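Here's the letter readout for the chains.
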Amino acid sequence: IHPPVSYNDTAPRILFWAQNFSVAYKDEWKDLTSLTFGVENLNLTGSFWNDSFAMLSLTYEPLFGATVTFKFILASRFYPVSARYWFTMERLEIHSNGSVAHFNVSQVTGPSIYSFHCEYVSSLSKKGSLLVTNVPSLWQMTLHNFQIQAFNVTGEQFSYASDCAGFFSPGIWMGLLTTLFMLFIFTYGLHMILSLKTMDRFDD
Amino acid sequence: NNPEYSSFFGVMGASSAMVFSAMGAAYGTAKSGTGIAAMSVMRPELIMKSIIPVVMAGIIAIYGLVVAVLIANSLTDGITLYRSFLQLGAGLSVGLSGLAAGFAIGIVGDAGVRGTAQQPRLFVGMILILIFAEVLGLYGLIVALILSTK
Amino acid sequence: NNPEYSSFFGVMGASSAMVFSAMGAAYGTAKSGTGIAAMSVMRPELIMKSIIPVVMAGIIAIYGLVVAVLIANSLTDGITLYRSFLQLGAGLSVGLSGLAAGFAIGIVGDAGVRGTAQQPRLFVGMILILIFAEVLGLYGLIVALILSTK
Amino acid sequence: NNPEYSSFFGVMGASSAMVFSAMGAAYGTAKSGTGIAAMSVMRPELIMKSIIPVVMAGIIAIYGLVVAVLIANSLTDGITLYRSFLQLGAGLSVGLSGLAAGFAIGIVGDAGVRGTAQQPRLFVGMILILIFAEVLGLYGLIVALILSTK
Amino acid sequence: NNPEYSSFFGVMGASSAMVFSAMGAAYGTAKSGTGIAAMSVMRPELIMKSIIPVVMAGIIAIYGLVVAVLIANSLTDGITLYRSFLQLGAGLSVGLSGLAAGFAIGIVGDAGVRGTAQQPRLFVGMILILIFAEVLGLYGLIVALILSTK
Amino acid sequence: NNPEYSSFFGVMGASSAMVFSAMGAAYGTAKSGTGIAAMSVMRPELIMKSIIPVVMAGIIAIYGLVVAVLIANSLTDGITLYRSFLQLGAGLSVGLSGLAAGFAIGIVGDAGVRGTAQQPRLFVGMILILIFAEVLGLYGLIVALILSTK
Amino acid sequence: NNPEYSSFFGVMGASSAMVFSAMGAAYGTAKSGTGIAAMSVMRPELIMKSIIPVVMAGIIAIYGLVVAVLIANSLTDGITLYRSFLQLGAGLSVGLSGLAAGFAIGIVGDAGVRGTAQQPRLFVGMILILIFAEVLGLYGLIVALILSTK
Amino acid sequence: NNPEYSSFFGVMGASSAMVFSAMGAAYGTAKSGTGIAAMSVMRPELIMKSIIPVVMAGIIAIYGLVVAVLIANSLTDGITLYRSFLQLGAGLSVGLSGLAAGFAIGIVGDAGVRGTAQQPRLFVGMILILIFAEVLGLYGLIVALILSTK
Amino acid sequence: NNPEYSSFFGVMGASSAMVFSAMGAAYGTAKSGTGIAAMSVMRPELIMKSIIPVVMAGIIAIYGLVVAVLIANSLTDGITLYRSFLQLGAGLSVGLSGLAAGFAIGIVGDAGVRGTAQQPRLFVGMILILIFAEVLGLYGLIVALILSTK
Amino acid sequence: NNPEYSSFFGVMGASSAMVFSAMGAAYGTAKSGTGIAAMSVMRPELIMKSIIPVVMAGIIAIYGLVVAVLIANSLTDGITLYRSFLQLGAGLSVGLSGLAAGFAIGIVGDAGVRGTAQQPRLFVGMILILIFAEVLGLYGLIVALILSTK
Amino acid sequence: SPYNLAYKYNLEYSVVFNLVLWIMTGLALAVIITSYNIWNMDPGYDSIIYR
Amino acid sequence: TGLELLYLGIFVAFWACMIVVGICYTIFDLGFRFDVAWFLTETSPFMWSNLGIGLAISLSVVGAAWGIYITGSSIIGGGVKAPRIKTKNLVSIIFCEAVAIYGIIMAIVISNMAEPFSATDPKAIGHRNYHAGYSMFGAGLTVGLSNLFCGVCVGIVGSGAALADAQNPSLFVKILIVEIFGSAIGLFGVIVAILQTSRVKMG
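Residues numbered from 1 in each chain as written, not as in the entry; some residues may be left out. Chains lettered and ligands numbered in written order. Part of a larger assembly, values for the part shown. Heavy atoms only, no water.

Chain K is annotated in the PDB entry as Renin receptor of Rattus norvegicus.

Within the PDB entry, the label attached to chain B reads V-type proton ATPase 16 kDa proteolipid subunit, and the organism entered is Rattus norvegicus. Quoted verbatim from the Sequence similarities heading of the UniProt record, the comment on chain B is "Belongs to the V-ATPase proteolipid subunit family." (UniProt positions renumbered as here; feature names shortened; annotations may be inferred.)

Written out as structure tokens, the structure reads:
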């Protein structure tokens, strides 16, 4: 079993894990899994943490003929509605031989007391497509069984997790609020049609 | 750009326009038909005059068809949710209005036919009362046309 | 890009097309056949002419078959959700319209047949009203063909 | 490659293919059989003719069987959701259409036997009406044979 | 490898095969027994013959037993979720088809027993009806044996 | 290791075994006791023989007890989910089969005792009818013993 | 550590032991109490003997009390989720079994009291019928005592 | 520390204790008050004596009040969740048991009063049966005292 | 500190105090005012004496109003979630106890007034029984005052 | 600033204030109107005196309008979630209180006019009972102002 | 498990869940309704039902 | 009976799940799910709007349909023995049509206030757009259901007038007052629906 990458500052503060971590530049996929998880040499230069902000920096020497770094950037806003610190990863950054690329990750959020887990975080269409690009890019990315926690961590172990995928999603919830409405309308229709009867008698 | 599912609502609009109008026309034809049968035994000469609530129930199915076709021609893979929900609003506005108007035509038909059998003076009034129920069908169609063309 | 799951809605099209049309034609055959049987003790000569309701109920199931088969013969692996929801809406639109047409055929067949045995003049009226019932199955077919060929 | 849970919908196909057809043939046999027994009180000879609605109800159970077998023999661990949905659709289409047929067989078998008790001319009409109920199972079968082998 | 929360479906199959078949045999006994009792008042000699619809209902429980025991010996810790769904399918397919046979048996039993006392000829016809109910259990057994050993 | 909630399924087995068997035996007792009570007025001699339906309804509850005890003595905190679901399957299997047997024993208790009072020749027949209801409890038990044991 | 919600299933155990037993005792008291009151006019002397079904209904509420108290005595904030499921199972096991026993005592009591007034001989029978109802509360208790002490 | 929602279940404890008890006492008073009103017509003498069920039904409101007050005065922001589940368990254990007792008092009070109109000796029997009804509130109080102070 | 959604429960308290007491007082006025009208035809003198059920039904809506105003004055833009639940509790506990009291005032009022028309001696008993009904609103008010002020 | 969806609950408040008051005023006017019209054939002078239940039903429509105007004019996209909930409460409070009042007004209006035309002395009592129906709308209004203006 | 990794609930779980839930609701209703209609037919044996 | 036990069976099974689900998400500490804030943001404002428009017509037409057939079937029935019925009592149908007219007036207004967004994130959609969506829903629901009730009422009391007029010619003129009070309900269902719509704008 692969160990989570753990960022330690007097105690463990950020945890990151995947069943697979891979990336591509110009469609050339590279597996980073064996270059990452449990690797004692794993370069975390410029990783950072604060009570309400976090940056896991993952750096590598051979990828795409360059030193490359990923910054996983997370916040712990106080969501006033629920009076709890919901966290979010609002962006990823990729720093290259001389430039930066970015993604917006959509759904990565939960209360700070819990990790977040998703079966995919990726830019690739079939793998949830959570990494939206607002402009065209040479980068593509996939985290498989992505699990992250950057606040309220205890020990080199996650707390419980908000799974990304629930019993409902937009197209389903809107699909039901139509369907479990027009099926009521159909039953009113069918009640009147099934109430149809005919006389057992006729005049002379 | 638009969601993968986006076209579903507009398709349910096209379907509901036909399905609910067919339900309304079916009831309207079933009640009027029963009326005709149980009138005709006593007043056979009144069949050809009394089919009126049946053709009108048939016209409430046509109001659904008009919208169902007009929605179906307006669909595409890339359709924005805006146009797709306008088409679903059109689908209810004709469809359930046809279901409503069809019930009034069915019941007023079944009364009107069995009334006219005993009282020839009803035959103008029955058709005035039915034309009000057909206009309820237009009050579906008209907005469903307006929505589909928006 | 084409998602998984997508062929389900198109399949429920090809199902609903047949299922709700068979329910329409079953009800239409059940009431009509009750009418013919309970009638034909008195007027055996009217058995053959009184089959027509049952034949038109049969036609509603054929419209269900035609759409179900047309959808089935145009399902494919990795179908876009667009064509698949069109196939759902087509299958409902025939299936539930044929269901409604079936209730009309059933009620009109039973009232018209038992009425015709008392009064032969009803027969021409019954055929016209059965056409106004049966055409609801054709409207469900026209919309289903349109949707299933976009 | 393909998901676990994929076989579930195809198994609900084989289940629905059999369960709803057996429910159909059971209704058809129940309603027809109670009719036959009640009829025989007046008529000692008509039993071996009046069995035929039960035999056609028996055929509906065989349609469910045919599809349920074809589905069950098609399923494997690795099966794609596409063939699985097609197998759900097949099983529902034969299942619920065989149910619709069985509903009509029960009602027209019972009415047809009761009328035949008072009036032997009805037997020919009863067979014709019953063929138009039984063929709904066959349309269910045709769609389900297409879908399960698509 | 295999998930847990997985043998549950195959276990609900093992239970369902017995529970629904017991419900089928229970309705098939409850109506048939009411028939035999109500009948015996005027024709005591018929009891040892008119028990048949009850014996047939007892065979529907035995079809449930055979599949429920087969599944209950086919299960294992960590069974592949595919075989767990097949056994759920088998368990519903014999269970609810047995329930359908039980409904048919219960109705034609209660009618046919009463009828046999008023009409001594009916007894042969009644068995030939009941065979077409009891075989719905056998069709549910067939598919359930296929699925549970697939 | 097992998840913390593991014993929930197994205990719902122990409860369902008892509860549904008690609901079965209660219904069997309620209908039987109404039958005995009504018939004691008309045939006072038969009251001691007429208890048999109630004794059998009582025996159905014993099947619920046996399986509930076996589940409860098997159940422990460290139970793997496999054994826990098997215990729910066992407990529903006897429980709802005992309910079905209860339904059957109840209806045939009432009709069997009433018929026996009107016609003492029914008594031996009623025992054989009741055995074919009570055995559903035993088939529920046989499956539940297998599932809870192996 | 044990989840803080773990006591919820324990207190629902205690509640269900009480509540459903009181529902059973209430129904058993309400039906039998109607029977006594409606009987009193014809046989005033039978009131003091006729209380027995009412007393046995009261006893079912005592079974629920006992288990609800035993559950309550065993609760703690730190309770391991395993023990709380046992307490729910015990609670439902006595509580719904007592509902079943109470249903039987109600039906048997009302029939048993009204019968006894027309024929005193029934008493010797109906007390034994009532024993075979009331023992369901005892089996529900026995299971609930076992479960709530594993 | 202790969960923010915790006091919600304690509030539902207090509320249920009063609400379901007021529904129980309302039913008790409504049915018995009807019986008194109907009985009074030919019995000016019994009107005061007959209030027994009505006032006794009021007790269930007070047991509901006792627990409701006992819970309500025990609430705090800091409540340990375990204490809130004890308070729900209590509030249902009285509240729904009071509903059960109120049902029994309503039915028994109505019948007992009418029977006492017919036969004045029933007055003692009515009191005794109403005690076996009323104690179901009291057992619900006992459990709710134990739970609300565990 | 406190959730923005927190006041939602406390608002449902203020609402439910008035809503369910209005329903209770409406039914209490509707049921008894039907009885007063029916009575007055025979006994024009009893109209002014017979109003009292309606007056007590009004008083139940006043208990609703009392808590509804007490809560609506207590609400604030940042209310501690504890106090918000206590207010929901107060609202339901007066509101549904008011409903129950209104049911009792309704039933007792109708029966009591008609009975009084046939027997003027009932008036005394009717008032006492009506106070035992109307006080259920007052017991709900007690708990609601406690919870809203705790 | 405020949450994005905040205004939704307040909008449902404005709708519920009207919709449930249209339900209440409709039933109150419809039931009263059937009374007025059916009555008036027996007493053609009493229509004017008998309009008052309809005017009371119009008054509870005004209560729904007044609150729904106040909510609708208080609403904005900038609205804080607290006032969006107070408005939901005001809307349910007036809406369902007006519903309760309307239900009562309809019942007592109809029974009141029907009684009055048999016995004109009822009129003075009918006005008072109608005031105690309509004032529930006024208590709904009072609460709904005290919420929505906060 | 050594790290408290989540229960791995897949993407499209709402889709599988709603497909299963609504297909099983539809099939449960079509069974229950059909079962009710067949359970409670009038067997209509009028010439003997009174005897 | 049957369909009422099916509607009740579904209704009880639904609320029996919802009590259990609401308890479960409370006690398991899962208030981060059941995110009503998520439901009310990701459900498109165009869905709430177009259900509102569709119900504004169709429920008004359902109320006017019962309006028509309740009065109409009495007009026909009385008309056999009293031919005078078939003209004067038609005003009750005109008020049922007026309840549908109130539907279409209001729904055309709301429809002709809808416009496309060109954005899909709840922050970018923003409060004005949400408030348009929810307001057009509640307004369209309020005219729709208020006309539903109003039309059934005017139907009922129109049979009122017709069955009374059939027995005495004078009664219709006085009974007509209740139809006016019935008709006002649909007009209240317009006035408020205008106010609920009157401040919205999408973009």
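Participant: Looking at this structure, how should I read the overall build of chain B?
Facilitator: A tally of helices and strands in chain B yields five helices and zero strands. Counting from the amino terminus, chain B carries its helices and strands in the arrangement α-α-α-α-α. Expressed as lengths along the three principal axes of its C-alpha atoms, the size of chain B is roughly 65 × 20 × 15 Å. Going through the 150 residues of chain B one by one, you find that 74% of them count as buried. Within chain B, contacts between residues separated by at least 24 positions form 85% of all contacts whose residues are at least 6 apart in sequence. A distance of 15 Å separates the average location of the 7 positive side-chain charges in chain B from that of its 5 negative side-chain charges. (Helix = DSSP H or I, 4+ residues; strand = E, 2+ residues; numbered from the N terminus. Buried < 20%, exposed > 50% of the residue type's maximum accessible area, 1.4 Å probe, protein only. Contact = heavy atoms within 4.5 Å. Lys, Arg positive; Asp, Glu negative; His and termini not counted. Charge placed at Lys NZ, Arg CZ, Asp CG, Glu CD.)

Participant: Would you take a moment to explain the pairing of strand β6 (residues 53-60) of chain A for this structure?
Facilitator: Two faces, one strand: in a regular strand the side chains alternate between the faces of the sheet. Residue and element names in this part refer to chain A. Within β6, seven of the eight residues are buried, which leaves the element mostly enclosed by the surrounding structure. For strand β5 (residues 48-50) and β6, the ladder comprises three bridges, and the chain directions are antiparallel. Looking across to β6, one finds that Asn50 is bridged to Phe53. Connecting β5 to the next strand, β6, in antiparallel fashion are two residues. Bridge count between β6 and strand β7 (residues 68-75): eight bridges; the pairing is antiparallel. Each residue of the ladder has a partner; that of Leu56, found in β7, is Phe72. (Pairing = 2+ DSSP bridges.)

Participant: In this structure, what is going on with unusual backbone geometry? I would like to understand it.
Facilitator: If a residue is not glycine, its phi is most likely negative; likewise, a peptide bond is most likely trans. Residues and elements named next belong to chain A. In the Ramachandran plot, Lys26 falls in the positive-phi region, its phi being about 50° despite a non-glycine side chain. Topologically, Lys26 is positioned in the loop between β3 (20-25) and β4 (28-31). Taking the relative accessible area as the measure of exposure, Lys26 reaches 64% and is therefore exposed. A positive phi angle, near 50°, is found at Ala83, a position not held by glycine. Positionally, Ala83 belongs in the loop between β7 and β8 (86-95).

Participant: Quick question: what am I supposed to make of the interface of chain H and chain G here?
Facilitator: Interface size, as often reported, equals the accessible area lost upon joining of the parts. On the chain G side, the residues contacting the 38 residues of chain H number 41 residues. Of the roughly 3,100 Å² buried between chain H and chain G, counting both surfaces, carbon and sulfur atoms make up 83%. At the boundary of chain H with chain G, the tally comes to zero salt bridges. Our count for the contact surface shared by chain H and chain G stands at three residue pairs in polar contact. Taken together, the elements giving at least two residues each to the side of chain H that touches chain G come down to α3 (82-118) and α4 (122-147) of chain H. Looking at the side of chain H that touches chain G, the element that brings in the most residues is α3 of chain H, giving 20 residues. Of the residues in the side of chain H that touches chain G, the class split is 27 nonpolar, nine polar and two charged. (Buried area = accessible area lost by both parts, 1.4 Å probe. Salt bridge = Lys/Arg side-chain N within 4 Å of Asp/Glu carboxyl O. Polar contact = N/O pair within 3.5 Å; in protein donor to acceptor, adjacent residues only side chain to side chain. Nonpolar A, V, L, I, M, F, W, Y, C, P; charged D, E, K, R; others polar.)

Participant: Before we go on, may I ask you to explain the UniProt feature "transmembrane region" in chain B in this structure?
Facilitator: All names here are of chain B. When the UniProt feature table is mapped onto this chain numbering, "transmembrane region" sits at residues 6-28, 51-71, 88-109 and 127-147. The span residues 6-28 carries 96% helix and 0% strand; its end-to-end C-alpha distance comes to 34 Å. Across residues 51-71 one finds 95% helix and 0% strand; the C-alpha atoms that close the span lie 31 Å apart.

Participant: Teacher, can you tell me more about the pairing of strand β9 (residues 100-104) of chain A here?
Facilitator: All names here are of chain A. Only one face of β9 is buried: it carries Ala101 and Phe103, and the other face, with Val100, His102 and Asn104, is open. Relative to β9, β8 runs antiparallel, the two sharing five bridges. Looking at the pairing, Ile94 lines up with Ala101 of β9.

Participant: Which parts of the structure should I look at to understand empty space enclosed by the protein?
Facilitator: Where empty space is left in the structure can be found by rolling a water-sized probe over the atoms. On inspection of all chains with the given rule, the structure shows six cavities of 30 Å³ or more. Approximately 80 Å³ is the volume attributed to the largest cavity. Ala72, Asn73 and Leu75 of chain J together with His131, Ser135, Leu195, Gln196, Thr197, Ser198 and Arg199 of chain L are the residues that line the largest cavity. It is helix α7 (residues 171-197) of chain L that provides the largest number of residues to the lining of the largest cavity, a total of three residues. A class-by-class count of the residues in the lining of the largest cavity yields three nonpolar, six polar and one charged. In this structure, the second largest cavity spans a volume of roughly 60 Å³. Around the second largest cavity, the lining residues are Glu4, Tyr5, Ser6, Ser7, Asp77 and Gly78 of chain E together with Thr80, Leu81, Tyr82 and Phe85 of chain F. Split by residue class, the lining of the second largest cavity holds four nonpolar, four polar and two charged. (1 Å grid on protein atoms, 1.4 Å probe; cavity = no way out; pocket = protein on both sides within 12 Å on 5 of 7 lines; lining within 4 Å. Points joined across faces, edges and corners; volume = space filled by probe spheres on them.)

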